[PDB]
$ cat model-v7.txt   # compact mmCIF, C-alpha atoms
# COMPACT_ATOMS: atom_id res chain seq x y z
CA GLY F 7 39.72 -196.88 96.78
CA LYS F 8 36.41 -198.51 95.62
CA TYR F 9 38.17 -200.58 92.92
CA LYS F 10 41.95 -200.29 93.56
CA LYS F 11 43.59 -201.30 90.25
CA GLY F 12 46.43 -203.49 91.51
CA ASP F 13 45.79 -206.64 93.56
CA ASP F 14 49.50 -207.12 94.30
CA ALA F 15 51.04 -205.36 91.24
CA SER F 16 54.47 -203.97 92.03
CA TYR F 17 54.49 -200.95 94.28
CA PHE F 18 57.79 -199.70 92.77
CA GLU F 19 58.58 -199.02 89.12
CA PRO F 20 59.40 -202.12 87.01
CA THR F 21 62.95 -203.38 87.03
CA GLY F 22 62.91 -204.64 83.39
CA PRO F 23 61.11 -204.13 80.04
CA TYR F 24 57.34 -204.08 80.36
CA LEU F 25 54.30 -203.72 78.17
CA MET F 26 51.89 -200.98 79.18
CA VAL F 27 48.31 -201.38 78.02
CA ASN F 28 46.12 -198.32 77.88
CA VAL F 29 43.00 -199.18 75.96
CA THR F 30 39.69 -197.54 75.65
CA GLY F 31 36.90 -200.08 75.28
CA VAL F 32 34.10 -199.22 72.90
CA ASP F 33 31.02 -200.96 71.52
CA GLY F 34 30.25 -201.25 67.85
CA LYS F 35 28.06 -198.12 67.53
CA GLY F 36 30.97 -196.03 68.78
CA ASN F 37 30.20 -195.54 72.47
CA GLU F 38 32.99 -195.48 75.02
CA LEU F 39 32.41 -198.20 77.61
CA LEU F 40 35.60 -198.26 79.62
CA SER F 41 38.24 -195.66 80.15
CA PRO F 42 41.96 -196.57 79.91
CA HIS F 43 43.32 -198.24 83.12
CA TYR F 44 47.04 -198.58 83.61
CA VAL F 45 48.24 -202.11 83.41
CA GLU F 46 51.78 -203.55 83.24
CA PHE F 47 53.03 -206.90 81.98
CA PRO F 48 56.67 -207.84 82.02
CA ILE F 49 58.16 -208.91 78.67
CA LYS F 50 61.50 -210.16 77.45
CA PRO F 51 63.54 -208.97 74.47
CA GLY F 52 63.75 -211.80 72.00
CA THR F 53 59.98 -212.51 72.42
CA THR F 54 57.76 -212.21 69.33
CA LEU F 55 54.59 -210.23 69.96
CA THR F 56 51.90 -211.09 67.47
CA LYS F 57 48.43 -209.60 66.99
CA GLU F 58 46.93 -212.70 68.73
CA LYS F 59 49.17 -212.34 71.77
CA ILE F 60 48.31 -208.64 71.81
CA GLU F 61 44.60 -209.53 71.73
CA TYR F 62 45.08 -211.78 74.72
CA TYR F 63 47.11 -209.17 76.68
CA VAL F 64 44.34 -206.60 76.29
CA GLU F 65 41.65 -209.16 77.36
CA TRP F 66 43.84 -209.76 80.41
CA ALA F 67 44.13 -205.99 81.00
CA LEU F 68 40.29 -205.89 81.20
CA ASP F 69 40.29 -208.54 83.95
CA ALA F 70 41.79 -205.81 86.14
CA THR F 71 38.59 -203.75 85.74
CA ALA F 72 34.85 -204.07 86.16
CA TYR F 73 34.76 -205.37 82.58
CA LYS F 74 36.73 -208.56 83.51
CA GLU F 75 34.04 -210.63 81.80
CA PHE F 76 34.37 -209.02 78.34
CA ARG F 77 36.24 -210.48 75.37
CA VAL F 78 38.11 -208.58 72.72
CA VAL F 79 36.12 -208.40 69.44
CA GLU F 80 38.24 -206.17 67.25
CA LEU F 81 41.44 -204.22 67.86
CA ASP F 82 41.79 -200.89 66.10
CA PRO F 83 43.66 -201.77 62.89
CA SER F 84 45.79 -198.61 63.20
CA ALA F 85 47.18 -199.48 66.70
CA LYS F 86 50.90 -199.66 67.20
CA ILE F 87 53.31 -200.36 70.01
CA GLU F 88 55.49 -197.31 70.74
CA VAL F 89 58.53 -197.01 72.91
CA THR F 90 60.27 -193.81 73.98
CA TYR F 91 63.69 -193.42 75.49
CA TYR F 92 66.68 -191.17 75.62
CA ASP F 93 69.61 -192.30 73.54
CA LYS F 94 72.84 -191.94 75.60
CA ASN F 95 75.01 -191.47 72.45
CA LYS F 96 73.11 -189.06 70.18
CA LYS F 97 71.72 -187.34 73.29
CA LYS F 98 68.15 -187.11 71.85
CA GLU F 99 64.85 -188.60 72.70
CA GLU F 100 63.88 -191.23 70.20
CA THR F 101 60.65 -193.12 69.57
CA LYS F 102 60.17 -196.44 67.77
CA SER F 103 56.86 -197.75 66.46
CA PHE F 104 56.02 -201.32 65.71
CA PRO F 105 52.86 -202.28 63.92
CA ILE F 106 50.55 -204.93 65.24
CA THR F 107 50.53 -207.70 62.61
CA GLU F 108 49.85 -211.37 62.24
CA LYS F 109 53.50 -212.28 61.74
CA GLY F 110 54.47 -209.83 64.49
CA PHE F 111 57.77 -208.22 65.46
CA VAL F 112 60.51 -209.13 67.91
CA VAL F 113 61.02 -207.18 71.14
CA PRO F 114 64.21 -205.16 70.81
CA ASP F 115 66.86 -204.90 73.57
CA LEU F 116 67.18 -201.20 74.54
CA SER F 117 68.87 -202.00 77.80
CA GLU F 118 71.99 -200.16 76.64
CA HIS F 119 69.90 -196.99 77.09
CA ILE F 120 67.31 -197.82 79.73
CA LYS F 121 66.82 -200.86 81.93
CA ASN F 122 63.13 -200.67 82.05
CA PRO F 123 61.72 -199.39 78.79
CA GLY F 124 57.96 -199.07 78.56
CA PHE F 125 56.36 -200.53 75.43
CA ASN F 126 53.08 -198.63 75.08
CA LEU F 127 49.87 -199.91 73.65
CA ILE F 128 47.31 -197.08 73.39
CA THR F 129 44.19 -197.80 71.26
CA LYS F 130 40.51 -198.46 71.15
CA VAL F 131 39.17 -201.96 71.08
CA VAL F 132 35.65 -203.14 70.36
CA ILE F 133 34.74 -205.47 73.23
CA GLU F 134 31.63 -207.65 73.87
CA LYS F 135 30.50 -209.64 76.97
CA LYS F 136 31.21 -213.47 77.03
CA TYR S 9 31.11 -210.02 97.66
CA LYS S 10 28.90 -208.14 95.16
CA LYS S 11 27.09 -204.76 95.47
CA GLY S 12 25.01 -204.52 98.71
CA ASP S 13 21.57 -205.75 99.90
CA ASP S 14 18.81 -203.44 101.24
CA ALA S 15 20.94 -200.43 100.10
CA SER S 16 22.65 -197.71 102.17
CA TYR S 17 21.22 -194.97 104.37
CA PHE S 18 24.24 -192.97 103.08
CA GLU S 19 25.40 -192.30 99.56
CA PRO S 20 26.13 -195.42 97.54
CA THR S 21 29.81 -196.31 97.02
CA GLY S 22 29.29 -197.89 93.61
CA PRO S 23 27.42 -196.96 90.37
CA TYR S 24 23.78 -196.65 90.91
CA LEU S 25 20.63 -195.88 89.06
CA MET S 26 18.50 -193.05 90.55
CA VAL S 27 14.88 -193.49 89.65
CA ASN S 28 12.70 -190.33 89.65
CA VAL S 29 9.19 -191.32 88.72
CA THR S 30 5.88 -189.66 88.25
CA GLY S 31 3.01 -192.14 87.92
CA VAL S 32 -0.06 -191.21 85.97
CA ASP S 33 -3.14 -193.09 84.85
CA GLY S 34 -4.26 -193.68 81.29
CA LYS S 35 -5.61 -190.10 81.35
CA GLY S 36 -2.53 -188.41 82.66
CA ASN S 37 -4.09 -187.67 86.03
CA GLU S 38 -1.19 -187.77 88.44
CA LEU S 39 -1.24 -190.52 91.05
CA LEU S 40 2.30 -190.35 92.40
CA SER S 41 4.35 -187.19 92.43
CA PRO S 42 8.14 -187.57 91.85
CA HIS S 43 9.29 -190.54 93.90
CA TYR S 44 12.97 -191.32 94.28
CA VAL S 45 14.73 -194.65 94.73
CA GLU S 46 18.26 -195.96 94.26
CA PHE S 47 19.34 -199.28 92.82
CA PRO S 48 22.90 -200.41 92.66
CA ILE S 49 24.07 -201.31 89.16
CA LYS S 50 27.11 -202.98 87.72
CA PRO S 51 29.14 -201.53 84.84
CA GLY S 52 28.97 -203.88 81.88
CA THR S 53 25.22 -204.44 82.13
CA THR S 54 22.99 -203.92 79.16
CA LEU S 55 20.02 -201.74 80.19
CA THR S 56 17.06 -202.33 77.94
CA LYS S 57 13.68 -200.64 77.85
CA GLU S 58 12.25 -203.77 79.35
CA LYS S 59 14.73 -203.78 82.24
CA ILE S 60 14.01 -200.10 82.97
CA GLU S 61 10.27 -200.97 83.12
CA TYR S 62 11.00 -203.56 85.74
CA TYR S 63 13.11 -201.17 87.75
CA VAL S 64 10.35 -198.55 87.80
CA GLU S 65 7.78 -201.19 88.84
CA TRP S 66 10.11 -202.15 91.68
CA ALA S 67 10.46 -198.45 92.49
CA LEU S 68 6.61 -198.41 92.99
CA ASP S 69 6.67 -201.16 95.56
CA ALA S 70 7.71 -198.73 98.25
CA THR S 71 4.48 -196.69 97.67
CA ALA S 72 0.70 -196.93 97.83
CA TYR S 73 0.97 -198.28 94.29
CA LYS S 74 2.99 -201.43 94.82
CA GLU S 75 0.16 -203.51 93.39
CA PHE S 76 0.22 -201.52 90.15
CA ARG S 77 2.02 -202.49 86.93
CA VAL S 78 3.92 -200.32 84.43
CA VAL S 79 1.83 -200.10 81.28
CA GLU S 80 3.85 -197.55 79.22
CA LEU S 81 6.99 -195.57 79.73
CA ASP S 82 7.32 -191.98 78.37
CA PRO S 83 9.06 -192.41 74.97
CA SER S 84 11.14 -189.27 75.56
CA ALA S 85 12.89 -190.77 78.69
CA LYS S 86 16.66 -190.89 78.81
CA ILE S 87 19.34 -191.90 81.28
CA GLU S 88 21.83 -189.17 81.98
CA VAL S 89 24.92 -189.17 84.02
CA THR S 90 26.89 -186.15 85.08
CA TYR S 91 30.45 -186.34 86.37
CA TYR S 92 33.61 -184.25 86.52
CA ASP S 93 36.24 -185.22 83.96
CA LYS S 94 39.51 -185.48 85.86
CA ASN S 95 41.58 -184.97 82.69
CA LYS S 96 39.54 -182.06 81.27
CA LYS S 97 38.73 -180.37 84.60
CA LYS S 98 35.14 -179.76 83.43
CA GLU S 99 31.60 -181.07 83.92
CA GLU S 100 30.67 -183.71 81.40
CA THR S 101 27.20 -185.25 80.69
CA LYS S 102 26.34 -188.39 78.70
CA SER S 103 22.86 -189.36 77.56
CA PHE S 104 21.64 -192.80 76.76
CA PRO S 105 18.26 -193.26 75.13
CA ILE S 106 15.92 -196.00 76.29
CA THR S 107 15.44 -198.41 73.38
CA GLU S 108 14.71 -202.06 72.98
CA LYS S 109 18.35 -202.94 72.24
CA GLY S 110 19.46 -200.83 75.15
CA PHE S 111 22.97 -199.66 75.95
CA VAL S 112 25.87 -201.00 78.03
CA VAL S 113 26.53 -199.25 81.31
CA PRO S 114 29.94 -197.64 81.06
CA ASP S 115 32.62 -197.88 83.70
CA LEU S 116 33.45 -194.29 84.71
CA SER S 117 35.93 -195.46 87.34
CA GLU S 118 38.73 -193.23 86.07
CA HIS S 119 36.56 -190.23 87.07
CA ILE S 120 34.08 -191.22 89.75
CA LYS S 121 33.63 -194.30 91.96
CA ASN S 122 29.89 -193.94 92.50
CA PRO S 123 28.29 -192.27 89.56
CA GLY S 124 24.56 -191.72 89.68
CA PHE S 125 22.67 -192.61 86.49
CA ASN S 126 19.63 -190.45 86.41
CA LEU S 127 16.31 -191.61 85.12
CA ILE S 128 13.52 -189.00 85.28
CA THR S 129 10.22 -190.18 83.69
CA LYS S 130 6.54 -190.26 83.75
CA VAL S 131 4.86 -193.66 83.41
CA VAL S 132 1.36 -194.92 82.94
CA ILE S 133 0.49 -197.46 85.58
CA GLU S 134 -2.69 -199.43 86.20
CA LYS S 135 -3.70 -201.88 88.98
CA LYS S 136 -2.65 -205.51 88.28
$ encode --input "model-v7.txt" --output "structure tokens"
Amino acid sequence: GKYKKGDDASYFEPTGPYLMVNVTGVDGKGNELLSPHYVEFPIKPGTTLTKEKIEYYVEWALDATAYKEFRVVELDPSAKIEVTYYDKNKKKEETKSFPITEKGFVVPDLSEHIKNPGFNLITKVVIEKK
Amino acid sequence: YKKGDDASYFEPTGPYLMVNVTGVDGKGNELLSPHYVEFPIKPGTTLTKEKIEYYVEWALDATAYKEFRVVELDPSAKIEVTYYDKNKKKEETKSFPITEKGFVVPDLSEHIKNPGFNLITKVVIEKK
């Protein structure tokens, strides 16, 4: 490609829990500047993900694009981290949502159901150049 | 490695600004009929009215009017980009007005590697 997202990034699917960032970067006046690029970051259950760590993960997800030099200004207040998996026991698909807060929430261990759950972050973020 | 020197004899492989300019004098007599030039651009750049003015002046340097300066730009000018949305399977077109504050060049990577940002305008030019 002309900008192949993935310097070295794993060629095969992740072997453990990961955070998937899919943000759309916008300016203040509501103009879309950057379309969502797929980016993965491994995470560990037991970790606490706060709003500040989320802000830094999205700034790092931009470094994978042409907007590598932008900083996060403001994260959509309604963003949440969602995870979807199939529960072995009940036999249904289930989805958990965690809100992005200052105190934060702890990464759950869903390994009993899936070894590599995908924690999804899909929002808009106002970004500005450094 | 950035975005290319003297520019390609083929189609660019990165975002680029296509400049289509008609140069007139202070009386609207036409001096230069539509003249086309390409400039590579980088997503994330803020394109202001003043920057556009400089780009059109540079566009004139490859013509009999290289010694002329841009005096006024048509106030109805706009930058438009047309691409094919890969999610919607349709043609999409975005317009950006030329203003003093300007606008930030979007990255349309998800849909097209080398989008062409079209600038069609008429400008008053006068010898320096």
$ interface_residues --input "model-v7.txt" --of "chain F" --to "chain S" --cutoff "7 Å" --atoms "all atoms listed in the file" --output "PyMOL selection string"
chain F and resi 8+39-41+72-73
$ atom_distance --input "model-v7.txt" --atom1 "atom CA of residue F:45" --atom2 "atom CA of residue S:101"
27.1 Å
$ atom_distance --input "model-v7.txt" --atom1 "atom CA of residue F:51" --atom2 "atom CA of residue F:64"
19.4 Å
$ residues_around --input "model-v7.txt" --residues "stretch 100-109 of chain F" --least-positions-apart "4" --cutoff "10 Å" --atoms "all atoms listed in the file" --output "PDB file with C-alpha atoms, in the frame of the given file"
ATOM      1  CA  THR F  54      57.760-212.210  69.330  1.00  0.00           C
ATOM      2  CA  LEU F  55      54.590-210.230  69.960  1.00  0.00           C
ATOM      3  CA  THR F  56      51.900-211.090  67.470  1.00  0.00           C
ATOM      4  CA  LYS F  57      48.430-209.600  66.990  1.00  0.00           C
ATOM      5  CA  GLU F  58      46.930-212.700  68.730  1.00  0.00           C
ATOM      6  CA  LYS F  59      49.170-212.340  71.770  1.00  0.00           C
ATOM      7  CA  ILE F  60      48.310-208.640  71.810  1.00  0.00           C
ATOM      8  CA  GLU F  61      44.600-209.530  71.730  1.00  0.00           C
ATOM      9  CA  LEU F  81      41.440-204.220  67.860  1.00  0.00           C
ATOM     10  CA  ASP F  82      41.790-200.890  66.100  1.00  0.00           C
ATOM     11  CA  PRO F  83      43.660-201.770  62.890  1.00  0.00           C
ATOM     12  CA  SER F  84      45.790-198.610  63.200  1.00  0.00           C
ATOM     13  CA  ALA F  85      47.180-199.480  66.700  1.00  0.00           C
ATOM     14  CA  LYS F  86      50.900-199.660  67.200  1.00  0.00           C
ATOM     15  CA  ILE F  87      53.310-200.360  70.010  1.00  0.00           C
ATOM     16  CA  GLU F  88      55.490-197.310  70.740  1.00  0.00           C
ATOM     17  CA  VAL F  89      58.530-197.010  72.910  1.00  0.00           C
ATOM     18  CA  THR F  90      60.270-193.810  73.980  1.00  0.00           C
ATOM     19  CA  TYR F  91      63.690-193.420  75.490  1.00  0.00           C
ATOM     20  CA  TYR F  92      66.680-191.170  75.620  1.00  0.00           C
ATOM     21  CA  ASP F  93      69.610-192.300  73.540  1.00  0.00           C
ATOM     22  CA  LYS F  96      73.110-189.060  70.180  1.00  0.00           C
ATOM     23  CA  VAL F 113      61.020-207.180  71.140  1.00  0.00           C
ATOM     24  CA  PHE F 125      56.360-200.530  75.430  1.00  0.00           C
ATOM     25  CA  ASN F 126      53.080-198.630  75.080  1.00  0.00           C
ATOM     26  CA  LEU F 127      49.870-199.910  73.650  1.00  0.00           C
TER      27      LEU F 127
END
$ closest_residue --input "model-v7.txt" --among "F:95, F:53, F:16, F:71" --to "residue F:111" --atoms "all atoms listed in the file"
F:53
$ atom_distance --input "model-v7.txt" --atom1 "atom CA of residue S:124" --atom2 "atom CA of residue S:68"
19.4 Å
$ closest_residue --input "model-v7.txt" --among "F:46, F:65, F:33, F:99" --to "residue F:14" --atoms "all atoms listed in the file"
F:46
$ closest_residue --input "model-v7.txt" --among "F:13, F:115, F:134, F:69" --to "residue F:34" --atoms "only C-alpha atoms"
F:134
$ closest_residue --input "model-v7.txt" --among "S:47, S:9, S:17, S:73" --to "residue S:136" --atoms "all atoms listed in the file"
S:73
$ closest_residue --input "model-v7.txt" --among "S:82, S:19, S:69, S:75" --to "residue S:107" --atoms "only C-alpha atoms"
S:82
$ closest_residue --input "model-v7.txt" --among "F:98, F:47, F:74, F:36" --to "residue F:19" --atoms "all atoms listed in the file"
F:47
$ build_atoms --input "model-v7.txt" --residues "stretch 47-78 of chain S" --atoms "N, CA and C atoms" --output "PDB file, in the frame of the given file"
ATOM      1  N   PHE S  47      19.066-197.895  93.070  1.00  0.00           N
ATOM      2  CA  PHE S  47      19.340-199.280  92.820  1.00  0.00           C
ATOM      3  C   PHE S  47      20.802-199.393  92.441  1.00  0.00           C
ATOM      4  N   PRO S  48      21.501-200.325  93.063  1.00  0.00           N
ATOM      5  CA  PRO S  48      22.900-200.410  92.660  1.00  0.00           C
ATOM      6  C   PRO S  48      22.951-201.057  91.275  1.00  0.00           C
ATOM      7  N   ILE S  49      23.918-200.650  90.454  1.00  0.00           N
ATOM      8  CA  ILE S  49      24.070-201.310  89.160  1.00  0.00           C
ATOM      9  C   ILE S  49      25.528-201.626  88.901  1.00  0.00           C
ATOM     10  N   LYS S  50      25.754-202.536  87.986  1.00  0.00           N
ATOM     11  CA  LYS S  50      27.110-202.980  87.720  1.00  0.00           C
ATOM     12  C   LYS S  50      27.517-202.540  86.321  1.00  0.00           C
ATOM     13  N   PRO S  51      28.720-201.936  86.195  1.00  0.00           N
ATOM     14  CA  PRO S  51      29.140-201.530  84.840  1.00  0.00           C
ATOM     15  C   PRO S  51      29.236-202.824  84.035  1.00  0.00           C
ATOM     16  N   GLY S  52      28.934-202.732  82.751  1.00  0.00           N
ATOM     17  CA  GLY S  52      28.970-203.880  81.880  1.00  0.00           C
ATOM     18  C   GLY S  52      27.602-204.470  81.599  1.00  0.00           C
ATOM     19  N   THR S  53      26.588-203.962  82.288  1.00  0.00           N
ATOM     20  CA  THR S  53      25.220-204.440  82.130  1.00  0.00           C
ATOM     21  C   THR S  53      24.558-203.772  80.942  1.00  0.00           C
ATOM     22  N   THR S  54      23.726-204.512  80.248  1.00  0.00           N
ATOM     23  CA  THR S  54      22.990-203.920  79.160  1.00  0.00           C
ATOM     24  C   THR S  54      21.608-203.512  79.686  1.00  0.00           C
ATOM     25  N   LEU S  55      21.308-202.225  79.702  1.00  0.00           N
ATOM     26  CA  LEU S  55      20.020-201.740  80.190  1.00  0.00           C
ATOM     27  C   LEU S  55      19.059-201.575  79.051  1.00  0.00           C
ATOM     28  N   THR S  56      18.060-202.450  78.994  1.00  0.00           N
ATOM     29  CA  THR S  56      17.060-202.330  77.940  1.00  0.00           C
ATOM     30  C   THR S  56      15.824-201.644  78.485  1.00  0.00           C
ATOM     31  N   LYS S  57      14.954-201.262  77.559  1.00  0.00           N
ATOM     32  CA  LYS S  57      13.680-200.640  77.850  1.00  0.00           C
ATOM     33  C   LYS S  57      12.915-201.558  78.781  1.00  0.00           C
ATOM     34  N   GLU S  58      12.969-202.853  78.510  1.00  0.00           N
ATOM     35  CA  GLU S  58      12.250-203.770  79.350  1.00  0.00           C
ATOM     36  C   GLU S  58      12.790-203.838  80.749  1.00  0.00           C
ATOM     37  N   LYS S  59      14.115-203.777  80.902  1.00  0.00           N
ATOM     38  CA  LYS S  59      14.730-203.780  82.240  1.00  0.00           C
ATOM     39  C   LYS S  59      14.332-202.524  83.023  1.00  0.00           C
ATOM     40  N   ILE S  60      14.353-201.386  82.350  1.00  0.00           N
ATOM     41  CA  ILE S  60      14.010-200.100  82.970  1.00  0.00           C
ATOM     42  C   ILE S  60      12.561-200.194  83.521  1.00  0.00           C
ATOM     43  N   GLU S  61      11.665-200.737  82.703  1.00  0.00           N
ATOM     44  CA  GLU S  61      10.270-200.970  83.120  1.00  0.00           C
ATOM     45  C   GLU S  61      10.185-201.758  84.413  1.00  0.00           C
ATOM     46  N   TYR S  62      11.021-202.783  84.528  1.00  0.00           N
ATOM     47  CA  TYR S  62      11.000-203.560  85.740  1.00  0.00           C
ATOM     48  C   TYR S  62      11.523-202.762  86.902  1.00  0.00           C
ATOM     49  N   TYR S  63      12.563-201.975  86.663  1.00  0.00           N
ATOM     50  CA  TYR S  63      13.110-201.170  87.750  1.00  0.00           C
ATOM     51  C   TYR S  63      12.080-200.152  88.232  1.00  0.00           C
ATOM     52  N   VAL S  64      11.316-199.521  87.335  1.00  0.00           N
ATOM     53  CA  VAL S  64      10.350-198.550  87.800  1.00  0.00           C
ATOM     54  C   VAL S  64       9.201-199.205  88.575  1.00  0.00           C
ATOM     55  N   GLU S  65       8.804-200.402  88.137  1.00  0.00           N
ATOM     56  CA  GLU S  65       7.780-201.190  88.840  1.00  0.00           C
ATOM     57  C   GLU S  65       8.277-201.494  90.259  1.00  0.00           C
ATOM     58  N   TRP S  66       9.544-201.895  90.358  1.00  0.00           N
ATOM     59  CA  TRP S  66      10.110-202.150  91.680  1.00  0.00           C
ATOM     60  C   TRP S  66      10.182-200.847  92.455  1.00  0.00           C
ATOM     61  N   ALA S  67      10.440-199.723  91.775  1.00  0.00           N
ATOM     62  CA  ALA S  67      10.460-198.450  92.490  1.00  0.00           C
ATOM     63  C   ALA S  67       9.048-198.205  93.116  1.00  0.00           C
ATOM     64  N   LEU S  68       7.973-198.604  92.447  1.00  0.00           N
ATOM     65  CA  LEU S  68       6.610-198.410  92.990  1.00  0.00           C
ATOM     66  C   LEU S  68       6.239-199.215  94.213  1.00  0.00           C
ATOM     67  N   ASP S  69       6.975-200.305  94.440  1.00  0.00           N
ATOM     68  CA  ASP S  69       6.670-201.160  95.560  1.00  0.00           C
ATOM     69  C   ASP S  69       6.881-200.515  96.925  1.00  0.00           C
ATOM     70  N   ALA S  70       7.530-199.361  96.970  1.00  0.00           N
ATOM     71  CA  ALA S  70       7.710-198.730  98.250  1.00  0.00           C
ATOM     72  C   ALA S  70       6.659-197.621  98.375  1.00  0.00           C
ATOM     73  N   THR S  71       5.523-197.747  97.675  1.00  0.00           N
ATOM     74  CA  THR S  71       4.480-196.690  97.670  1.00  0.00           C
ATOM     75  C   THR S  71       3.092-197.304  97.741  1.00  0.00           C
ATOM     76  N   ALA S  72       2.081-196.455  97.780  1.00  0.00           N
ATOM     77  CA  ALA S  72       0.700-196.930  97.830  1.00  0.00           C
ATOM     78  C   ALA S  72       0.388-197.722  96.557  1.00  0.00           C
ATOM     79  N   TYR S  73       1.249-197.632  95.552  1.00  0.00           N
ATOM     80  CA  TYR S  73       0.970-198.280  94.290  1.00  0.00           C
ATOM     81  C   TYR S  73       1.783-199.516  94.003  1.00  0.00           C
ATOM     82  N   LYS S  74       2.228-200.215  95.048  1.00  0.00           N
ATOM     83  CA  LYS S  74       2.990-201.430  94.820  1.00  0.00           C
ATOM     84  C   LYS S  74       2.265-202.531  94.044  1.00  0.00           C
ATOM     85  N   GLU S  75       0.941-202.535  94.116  1.00  0.00           N
ATOM     86  CA  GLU S  75       0.160-203.510  93.390  1.00  0.00           C
ATOM     87  C   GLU S  75      -0.090-203.095  91.958  1.00  0.00           C
ATOM     88  N   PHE S  76       0.461-201.959  91.518  1.00  0.00           N
ATOM     89  CA  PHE S  76       0.220-201.520  90.150  1.00  0.00           C
ATOM     90  C   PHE S  76       1.352-202.011  89.209  1.00  0.00           C
ATOM     91  N   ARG S  77       1.068-202.071  87.921  1.00  0.00           N
ATOM     92  CA  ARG S  77       2.020-202.490  86.930  1.00  0.00           C
ATOM     93  C   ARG S  77       2.329-201.295  86.003  1.00  0.00           C
ATOM     94  N   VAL S  78       3.504-201.332  85.378  1.00  0.00           N
ATOM     95  CA  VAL S  78       3.920-200.320  84.430  1.00  0.00           C
ATOM     96  C   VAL S  78       3.309-200.742  83.116  1.00  0.00           C
TER      97      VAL S  78
END
